[PDB]
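1. Let me start by giving you these chains from the complex, positioned as in the assembled structure:
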Amino acid sequence: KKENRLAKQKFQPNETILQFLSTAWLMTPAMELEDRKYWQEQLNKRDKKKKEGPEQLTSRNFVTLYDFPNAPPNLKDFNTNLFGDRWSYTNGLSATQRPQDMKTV
Amino acid sequence: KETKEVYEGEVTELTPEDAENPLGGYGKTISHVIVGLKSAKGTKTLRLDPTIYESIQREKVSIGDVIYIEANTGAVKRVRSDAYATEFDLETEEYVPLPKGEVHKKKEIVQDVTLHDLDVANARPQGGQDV
């Protein structure tokens, strides 16, 4: 009998699949932690060489939600940033026209 | 007069520096990005904020052609190299010899301009499809 007796809209976006949950965070809780991260800024400078105002601002990364076709999808599209696709066609046989679907009869 | 830092060389590599996603969601979170460069007699790898990935995404850096990025302002800028120039018989591609000097350098510019030049730049409307 409650349903018989008893008888504005909002805006909300969504994000999923390929996502860069962006944050430019000075990840400094509280003071010394950046020093440890200052090490991960450090062991990739002198080794690879071919033979309170710390740093100059940072940023971060994330994915929402659990979307990874092959590696980071950001890295997946960055693998297309190497040498394009048309020259890949020229050096190949247009493998994008060879599908793994449509099982052979 | 002004002087801007310049980081030169050729992009030897581009790799993620992954950390586990700390905030809402899990998976990939690049801590930062370190990319090597080598001009004539000067080799150095730049550690930089991970955000430069967008520049790599935006500028279509490919690998080891042109680098223009600063410590604070950041972002790469592109303008290949003559080493690959013979790979194509004919194209419409650009090429350049190896950059000289060290990876980090500075440039000094002096320019004397009249105030009337600024006035006419303000006055004269320049643009495109805007009416």
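-> Yes, it's here. Residues are numbered from 1 along each chain as shown, chains lettered A, B, ... in the order given.

2. Is the most centrally placed residue in chain A in a helix, a strand, or coil?
-> Taking Cα atoms, centre = their mean, the centroid of chain A lies closest to residue A:74, which sits 4.1 Å from it. Here residue A:74 is helix, with the state taken from DSSP: H, G, I helix; E, B strand; the rest coil.

3. wait, it sits on residue A:22?
-> No: taking Cβ atoms under 8 Å as the definition, residue A:74 is not a contact partner of residue A:22, at 11.1 Å. Where C-beta positions appear, they are placed from N, C-alpha and C, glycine not excepted.

4. list residues touching both of these two?
-> Common contact partners of residue A:74 and residue A:22 (Cβ atoms under 8 Å, 6 or more residues apart in numbering or on different chains): residue A:61.

5. Now residue A:10: phi and psi?
-> phi -100, psi 180 (degrees, to the nearest 10).

6. swap in residue A:89?
-> Note on residue A:89: backbone dihedrals following degrees, to the nearest 10 are phi -60, psi -50.

7. burial of the residue nearest to it when sequence neighbours are not counted, as a residue count?
-> Spatial nearest neighbour of residue A:89, chain neighbours left out: residue A:96 (7.7 Å); criterion: Cβ to Cβ, 6 or more residues apart in numbering or on different chains. By other Cβ atoms under 10 Å in any protein chain shown, 10 other residues sit near residue A:96.

8. Sequence for chain C below, add it please:
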Amino acid sequence: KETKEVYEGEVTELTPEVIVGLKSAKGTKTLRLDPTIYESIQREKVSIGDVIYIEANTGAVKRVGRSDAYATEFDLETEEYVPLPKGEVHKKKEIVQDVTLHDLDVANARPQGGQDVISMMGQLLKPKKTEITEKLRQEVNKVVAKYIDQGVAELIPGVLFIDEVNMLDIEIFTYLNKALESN
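-> Time to bring in chain C:
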């Protein structure tokens, strides 16, 4: 006594080919935009949650702003919150906006539709005063005669003033000498 009407309401949909579904307090009607006024509507960044004060006779569109109904979008929303206008969207009023003879001269010599893009080109190609000739004078005389014979309108004279005619040259004196010999 000419007539003006205004469409004012919350937009519900837009259909490119044009529909603008203005929703007032009690009315929700969908006009058709001509391509020019459709472009003007496009430039007005009007979307679901917006009210526009688009006149009916002139046709020009003046957005009123984001609807106050969607006040729950951001505690610090930039756009002003204006509610759904009262009455029907096609609000009609009886206006006593009069016209001087030069006013209706410039009305057709240099049209001033205003807010639409084509009205912008119309007021930009010839923004100044053009040398109206006697042919348009007779056309205007016929138009004002038919309007005043429509019945509601009327005519009232006026007084002009000149100071220190001593400085005036002989040319203007000679021309006005034959100009006062008129009706």
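
9. what helix or strand is residue B:90 on?
-> If you go by DSSP states H and E, residue B:90 is not part of any helix or strand.

10. for the one 10 residues further on, same thing?
-> Under the assignment given by DSSP H and E, residue B:100 is not contained in any helix or strand.

11. How about the residues of chain A by chain B?
-> Residues of chain A found near chain B (Cβ under 8 Å from any Cβ of the partner chain) are A:19, A:21, A:23-24, A:37, A:40-42, A:44-45, A:48-51, A:56-68, A:71-72, A:74-75, A:77-78, A:81-83.

12. Nearest to chain B: which residue in chain C?
-> Ranked by Cβ to the nearest Cβ, the top residue of chain C for proximity to chain B is residue C:120, at 7.1 Å.

13. I'd like the next helix or strand past the strand or helix carrying that residue.
-> Assessed by DSSP H and E, residue C:120 sits inside helix C:117-125. Scanning forward in sequence from helix C:117-125 by DSSP H and E, the next helix or strand is helix C:134-149.

14. returning to what we had before: list only buried entries from the residues of chain A next to chain B.
-> Buried members of the residues of chain A next to chain B, scored by 16 or more other Cβ atoms under 10 Å in any protein chain shown, are A:19, A:21, A:37, A:41, A:44, A:48, A:58-64, A:72, A:74-75, A:78, A:81.

15. Chain D next, sequence below:
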Amino acid sequence: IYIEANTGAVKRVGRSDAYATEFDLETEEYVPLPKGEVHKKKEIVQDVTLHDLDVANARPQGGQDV
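-> One more chain to add, chain D, which I have set with the ones above:
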């Protein structure tokens, strides 16, 4: 049609009278059927001074955009 082969464009005589009368009314002119053999050839002689050429060259004659 009336297509001068020198440019490959079209000059329109109008519609035709054979496939005409598809309707009781037509604002577009029915236009008389062209007379003579299709591969028409002719020569024209015109006496024109130079200032007309100058003023024609001064201003544009075609264009499609604004």
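
16. Distance of the residue nearest to the centre of chain A relative to residue B:26?
-> Note on residue A:74: its distance to residue B:26, by Cβ to Cβ, to the nearest Å, is 15 Å.

17. center of chain C - which residue?
-> residue C:58 (4.6 Å).

18. need the contact list for residue A:2.
-> Per Cβ under 8 Å, 6+ apart, neighbours of residue A:2: none.

19. Any chance of the backbone angles for it?
-> The phi/psi pair for residue A:2 (degrees, to the nearest 10) is phi -60, psi -40.

20. Next, find the distance separating it from chain C.
-> Relative to chain C, residue A:2 is positioned 27 Å away (Cβ to the nearest Cβ, to the nearest Å).

21. For chain B, see how far away that residue is.
-> Taking Cβ to the nearest Cβ, one finds residue A:2 at 37 Å from chain B.

22. and the closest residue to residue C:77 other than its chain neighbours, which of the three is it?
-> Nearest-residue entry for residue C:77: residue C:66, 7.1 Å, with adjacent residues in sequence omitted and distances by Cβ to Cβ, 6+ apart. Classification of residue C:66 using three-state DSSP returns strand.
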